[PDB]
2 protein chains.
Amino acid sequence: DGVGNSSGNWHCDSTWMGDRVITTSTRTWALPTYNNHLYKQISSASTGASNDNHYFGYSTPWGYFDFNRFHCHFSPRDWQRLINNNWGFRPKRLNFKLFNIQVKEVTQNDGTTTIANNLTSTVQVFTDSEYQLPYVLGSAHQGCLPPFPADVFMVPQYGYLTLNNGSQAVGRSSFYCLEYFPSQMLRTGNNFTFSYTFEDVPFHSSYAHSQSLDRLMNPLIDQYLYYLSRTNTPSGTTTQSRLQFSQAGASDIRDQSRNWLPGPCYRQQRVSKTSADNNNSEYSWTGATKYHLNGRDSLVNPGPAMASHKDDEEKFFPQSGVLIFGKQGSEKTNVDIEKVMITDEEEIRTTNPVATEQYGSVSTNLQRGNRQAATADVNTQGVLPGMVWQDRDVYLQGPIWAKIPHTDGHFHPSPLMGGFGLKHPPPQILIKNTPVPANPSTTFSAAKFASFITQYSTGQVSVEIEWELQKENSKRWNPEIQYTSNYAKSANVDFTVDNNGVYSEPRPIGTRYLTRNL
Amino acid sequence: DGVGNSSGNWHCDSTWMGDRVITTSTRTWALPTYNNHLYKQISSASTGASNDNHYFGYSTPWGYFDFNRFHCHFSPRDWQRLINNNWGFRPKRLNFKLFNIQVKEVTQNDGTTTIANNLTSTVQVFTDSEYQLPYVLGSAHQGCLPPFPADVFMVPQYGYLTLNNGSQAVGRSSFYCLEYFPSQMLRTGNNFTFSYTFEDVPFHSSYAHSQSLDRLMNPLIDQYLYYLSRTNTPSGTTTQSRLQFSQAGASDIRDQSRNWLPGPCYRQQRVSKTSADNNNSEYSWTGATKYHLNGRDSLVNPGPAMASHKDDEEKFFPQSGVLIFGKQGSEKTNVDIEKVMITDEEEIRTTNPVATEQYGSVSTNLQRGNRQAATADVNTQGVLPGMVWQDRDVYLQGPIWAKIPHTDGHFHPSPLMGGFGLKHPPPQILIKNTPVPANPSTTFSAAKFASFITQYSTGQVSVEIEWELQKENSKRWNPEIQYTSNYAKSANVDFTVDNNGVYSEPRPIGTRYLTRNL
């Protein structure tokens, strides 16, 4: 309540209880004043950007809290306790706190920097629970809570894009003043909480499949259905056309009748981790896989969920089709392939097609016998009745949820980066330093203040998510594949700080190890 | 209550409920010390001012809060939600708050500026609910709350004028010491509220009229009254005087008998937005429309409510007759016509006369037949029995109310700038920094202190007005005229910040779009 009392305790613990698990994490943040308390419009004007790259929007003084990655809520140990023992999980209930707020004035007067507290000054915070603001949290931006609890992070700036024609605004474009919403003004000794309940969402699938969609049959027994085995006969010392039918069994395993089809496909170009096997031309944009919306084409990432590679070839991956994470200390632009860690989706190829390969072939024409039969290959395939597929995998470094756009129709809302699609997601929490004016002139003037006190605020943030689990019940005799750390000696333990204090994550960890019958 | 607790939350929201609408807005202010805590008398002496320009008055250390413009309480979106859907509105109930006060000392010692808080020092505030002080809030002065919620404003200085003869005081002039009233002394951690109820006032009229006061007739049917159509006859190969009477119908639509007359007029000079069509002389003051009070003539602005122009001519406007607003970043003196936005009253010409045109004509003399009939034109017309008129329009940038002077008589108290005339308006809120002396000498002296600590205060102000609405019920078949933003593309959305952060309002928005039967 006061200056000397503490607003809240540090709770980083997690409790695994029953089929529930409750993860909690606390961090320390610092909030600068952005834009000098000004709303500004931003655009691609004067930049000389290509038609695909134009945008129009506004940047705000506000900043927002992003907890939308998994490693915020899970340690590497709590993550393998999750994925080794469980078939699925979903979030249930959420809880959020800000406490121990401190505002601090800065003084450059001497050329030295001088910092002192300010006990009176405030920080104002509102959560958008009615979803009027543009929702930014689903784009996989930087600025989320740090992986490792000992790190202090800076709160990112809020901003949004609206409709544009070129660099210009459309006129149906909208402008939001965030000052126009009810806020709670916090001072040192005040705290902020709210709680949120997730709506019912499907469990994520942490299993793989034990058997492919091709082979669901009993190999011993034979089918009672027939297929067309032979169109012609050697009879007559020359070939003549006669239709024979055969009955499909383990001898011909590819000819059997089946109830189900593989999932859909939108085809990708194939590149190899080996530098020699790739072509020497620049195909990066031209050979890419694009969609065309309102006269400007954008790249498809990652796209619909599809297998990365076939059985044999581990080195190939789809150009735009996989999630690519950077290693600790990776620069922004034109980093070599050794500086990034590429995810591998190959557990999913039991059902889904391979990203680089075609979906199938289809008859092009009618045959007569003046004309041979011809087929063409299907690169793009939309959903058909009787198709089954798996959603993309969830990673410890990846996004938890996305907001389902509000539209007349959508099909299978699961997001393409992975995670849980939500109609009402966890709301945005926006936070800003309240402006404090520098001394005004003694005579009156109607122009607004351009002079303020330089200040910033710090504090503690605590997020608590309750997860529901689906326990593995598996009758297989032989042992599962598990996620394990290699027992060999190393100069550095993985998922650990180094002698300079830097925390690094060596490789991405998918969520599907345990196996289950298709 | 304390230093660490917060005095109040930020509420800027508005709720449209039923026929009520409740608008709320919060701003940040800064209050300098004015005059060095001294009451001073001011006058036109030594300035060399013309007889019309003399004044005598007092300036005070105090400052006051002015919320008396509409765009303080309405966003541009909430304003068109108002004017498109509603025939009328009036204010009902008001609520006011000051909170999160901060007083700050200033130090120039090094030639650098140094600012620190002062937790002990106070700020004293009183509201004048008995209306003893001269009421300044009705003159459309600068210093009102900013349009856009992100702006910090400086509280304007309080002062008033009293009776003068030339630069000298009359002796019936009065002097008010504002220290002589009960005040509430606020310190950081204290807040100030009061609530106010408007007395019953007519709804403003947000409709226009569907039909002119000339044409109220049924065009199909004929009247049973007669008028004098012809005074003479061709009969006799020459003209002789014979009175014929005719019966008025759609054939002669101007001759019918009518129950009502147009509103009154006080005539204006006509100028054109086209620079070429105006005269080259300086008529600005000499050709103006003036009233003469106590031996000094002042200009009439805007004057009684009158139409701006006739049907055809959009470029002409009355010299003093319209409200003229400045565009963002318009200087004080001698700005060109492109820097100001001129209001257009033409929706009102269904009833009221055109400002530049005459009211009518009137018979000058008696006729005999040695003497022809003569008429003269009526430039000024006072109210007659059976006259109907419309009040001047309300704008988003304009004043909400005015105080009706306390006098033996007044006619139709509606103010001439527009808005609601009130006998008891919302009271004035006056605020001042309490003086803190600099160290006195150790020996005693009876002279008052000329030395003080330099300090100023800041805080938050929140105004909440409840409005009553009159919903549109209209049976017309075809669509209304609505207020719309143009859908064409533009470099800047209107009513929006620009890339430098400056908020601008492109054009004035009147309140009357919907139409209604006269």
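Below is a table of values for the structure above.
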read-out: Cα gyration tensor category, rounded, prolate or oblate, for the stretch A:361-422 with a/c compared to 1.5; value: prolate
read-out: Number of partner chain Cβ atoms within 10 Å, mean per residue of A:32-39; value: 3
read-out: If the convex hull is drawn through the Cα atoms of the stretch B:259-305, its volume per residue in Å³; value: 117 Å³
read-out: Whole-Hz ³J(HN,Hα) from phi, Karplus 6.51 cos²θ - 1.76 cosθ + 1.60, for the stretch A:200-206, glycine and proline x; value: 4, 9, x, 4, 5, 9, 8
read-out: Against the rule of thumb 2.2 N^0.38 Å, how large the Cα Rg of the stretch B:344-495 comes out; value: 1.96
read-out: Over 49 Å [Cα-Cα, the protein assembly as shown], rounded percent; value: 47 percent
read-out: B:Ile342 versus A:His412: modelled label distance in nm, points set 7 Å from Cα along the beta carbon direction; value: 6.6 nm
read-out: Descending principal axes extents, the stretch A:198-256, alpha-carbon based, whole Å; value: 73, 25, 18
read-out: The stretch B:11-59: relative contact order as a whole-number percent, Cα under 8 Å and 6+ apart; value: 26 percent
read-out: Charge dipole magnitude, Cβ of K and R +1, D and E -1 - the stretch A:79-126, Cα centre, debye nearest 20; value: 640 debye
read-out: Ranked list, fewest to most other Cβ atoms within 10 Å of each Cβ, for B:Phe56, B:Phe444, A:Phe65, A:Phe148; value: B:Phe444, A:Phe148, B:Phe56, A:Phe65
read-out: Label spacing, shortest first and in nm, from B:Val170 to its equivalents in the remaining copies (7 angstrom along Cα→Cβ); value: 6.4
read-out: Rounded to the nearest 20 debye, dipole of chain A from Cβ charges on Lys, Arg, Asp, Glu; value: 720 debye
read-out: Built amide H within the under 5 Å cut-off of B:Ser414, gap 5+; value: none
read-out: 7 Å along Cα→Cβ, label-point gaps from A:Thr286 to other copies, nm, shortest first; value: 7.8
read-out: Cα gyration tensor category, rounded, prolate or oblate, for chain B with a/c compared to 1.5; value: prolate
read-out: Cβ-placed point charges (K, R +1; D, E -1), dipole of the stretch A:454-518 about Cα centre in debye, nearest 20; value: 440 debye
read-out: Estimated distance in nm for a label pair at B:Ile481 and B:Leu243, the labels positioned 7 Å out from Cα along Cα-to-Cβ; value: 4.4 nm
read-out: Test item: A:172-184 mean partner chain Cβ contacts at 10 Å; value: 6
read-out: Charge dipole (the stretch A:53-197, unit charges on Cβ, about Cα centre) - positive-most of A:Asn100, A:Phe175, A:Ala140; value: A:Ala140
read-out: Cα-based helix-to-principal-axis angle, B:76-85 vs chain B, degrees rounded to 10; value: 30 degrees
read-out: Order by protection proxy (mean Cβ within 10 Å, highest first), peptides B:88-96, A:361-369; value: B:88-96, A:361-369
read-out: Relative contact order %, chain B, counting alpha carbon pairs below 8 Å whose residues are six or more apart; value: 27 percent
read-out: Local electrostatic count at B:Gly386 - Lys and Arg +1, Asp and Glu -1, tallied over other residues with Cβ under 15 Å; value: 0
read-out: Rounded if a/c under 1.5, otherwise prolate or oblate - the stretch A:18-174, Cα gyration tensor axes; value: oblate
read-out: Sequence-separation-based contact order of the stretch A:15-97, relative, with Cα cut under 8 Å and 6+ spacing, percent; value: 25 percent
read-out: For A:428-439, mean number of other protein chain Cβ atoms within 10 Å; value: 4
read-out: Among beta bridges that DSSP assigns inside chain B, antiparallel share in %, nearest 5; value: 90 percent
read-out: Cleavage-rule hits (GluC sites (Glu not before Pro)) in the stretch B:425-517: DSSP loop, at most 14 neighbouring Cβ within 10 angstrom; value: B:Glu480
read-out: Label point distance in nm, A:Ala116-B:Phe203, each placed 7 Å from Cα along Cα→Cβ; value: 5.8 nm
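Each reported figure results from applying straightforward, stated rules to the coordinates on display, with no laboratory input. Methodologically, a virtual Cβ is constructed for each residue, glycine included, from the backbone with ideal geometry; neighbour enumeration extends over all protein chains shown.
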